[PDB]
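As a starting point, one isolated chain is supplied in structure tokens, in the form solved without this ligand.
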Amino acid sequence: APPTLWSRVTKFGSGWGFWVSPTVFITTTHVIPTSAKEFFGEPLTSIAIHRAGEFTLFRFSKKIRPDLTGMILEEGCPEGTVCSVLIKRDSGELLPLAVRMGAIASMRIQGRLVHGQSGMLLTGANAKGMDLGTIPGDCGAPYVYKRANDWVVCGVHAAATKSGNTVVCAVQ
């Protein structure tokens, strides 16, 4: 995956988020620190927060990441698209996990009612674990794919089943 996409993946709350542009940051709702009143030095007042279930978009009134170009955010992807989930692990290891995407789905995963785009890992058979699968610290990692000369972001990591085979991408 290109260096510019890994540069947009920022450690945030109990997981990650992703810079779409110099002013737009996307993440999974449950990783946001609940008492928090300031983000990258800016008060709530100065930020437009757009929340659709486990998807949250932050639009800043100033350029927080002026090193970046704006890229395309889409509302999920066609069923059958192979995406990479851009996961950072212990000590600059970079894990772009291959996922085949499926339908929009509503599930119950552990306690929780989860809604988003389902997909199946293409890493291995019984992927329940940090070596071939996702862990709770991965929530907010972006789902990306290459589409002609362009890369697209189409969601953020929200959940995985007890077997680890099935993942859920929160979508705008």
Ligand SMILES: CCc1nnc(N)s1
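Heads up, when I say rigid core I mean the largest set of C-alphas that superpose within 1.5 Å between the two forms. Residue numbers here begin at 1 and follow the sequence given.
FYI, the form deposited with this ligand bound isn't displayed, but the following is about it.
Place this ligand on this chain by superposition, using its pose in the entry with it bound; is the pocket open, or blocked by 3 or more ligand atoms lying within 2.4 Å of backbone or C-beta atoms?
After the site C-alphas are aligned, the pocket of the shown chain is open to the transferred ligand.
In the entry with it bound, residues of 84-109 near this ligand [heavy atom within 4.5 Å]:
Contacting residues: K88, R89, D90, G92, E93, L94.
Superpose on the rigid core, then report which one of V144, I64, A127, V114 has a CA displacement of at least 2 angstroms between the shown form and the other one.
Result of the superposition: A127 is the only one at 2 Å or more.
Once you line up the core, how about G92: does its CA shift reach 2 Å between the shown form and the other one?
For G92, whose C-alpha is compared between the shown form and the other one after core superposition, the shift is 2 Å or more.
Can you confirm the direction of the Cα distance change for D90 and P33 in the entry with it bound, closer or farther than in this form, given it is 3 Å or more?
Closer together, by at least 3 Å.
Direction of the Cα shift between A159 and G129 in the entry with it bound, where the change is 3 Å or more:
Between the C-alphas of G129 and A159, the gap widens in the entry with it bound (3 Å or more compared with this form).
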